[PDB]
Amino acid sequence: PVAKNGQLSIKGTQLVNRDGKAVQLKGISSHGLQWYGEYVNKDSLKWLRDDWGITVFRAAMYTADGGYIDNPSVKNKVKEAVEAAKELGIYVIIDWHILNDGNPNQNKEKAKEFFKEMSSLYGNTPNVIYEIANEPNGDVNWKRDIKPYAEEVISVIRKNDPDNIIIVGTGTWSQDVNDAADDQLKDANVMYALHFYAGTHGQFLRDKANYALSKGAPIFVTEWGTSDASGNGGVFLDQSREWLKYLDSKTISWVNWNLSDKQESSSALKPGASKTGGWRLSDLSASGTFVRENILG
């Protein structure tokens, strides 16, 4: 809804629009663009905007696993997704989707080059949200590994884009927002990622988030699923409601994982569902049906 909200900014912990009103963005993430980028096009995004009401779309560009590092032509899919979002007036998250490569320092030079290119192209576009490191994991912690990565990537972005929102992943697959909160970045327009799976993470993770907010650290849910953390194991609707009620209570934006026909509980679509949208309810999974309901409201 950027044609409505325009330039985003941060008031305290609260994401606000260009009028200065609080906004809660809701949407869905691609699966890895090198495998399911076939579902990410102007058509499908327009159908998501119109039929699901998404106000944000996430372009999950894996670095490892046949992603950008081995095949950088996938960056054309991210550009495709950003141009679709500009046409359609929705926010787009450019997600440098580290995972197997758990320390963001591992692909740091390529990250900085990639974000220099994206910020250069899209830096004066209000649609764009940068996610610089999906899920730091392994022996990887905030003060030692992630913050100093973040500073370097943020300096390069800010040369081209002084004001769009940058979201920074946190330790333990973006759970340890408490540690970021203890040693925050100075950037005015920075938020910290939190990720949960309704089948796995309960109150300890909410506690961490409330603690981070209490320190003034903004939180954005760039990825959450209705399944357990493997992305499979069925759909946990009661826990997913509990979690969404918690995010509503703090007005926290969220993006569900994932838009694809991957045969696991967390995929939104059944196999055979159109790459260009127009899905009926009977074309959506249990998870997709629930998610679309909650994006609509």
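Numbers follow the displayed sequence, beginning with 1.
As listed in the deposited structure, the average C-alpha B-factor of 229-237 and of 44-52 is greater for 229-237. Looking at the C-alpha B-factors along this chain, the one for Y149 belongs to the middle third.
Residue-level temperature factors show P271 in the highest third of its chain, judged at the C-alpha atom.
Ranked within its chain, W142 lands in the middle third, by CA B factor from the PDB record. Split the chain's modelled residues into thirds by C-alpha temperature factor. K250 is in the middle one. When the CA B factors of the chain's modelled residues are split into thirds, the value for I93 lands in the lowest one.
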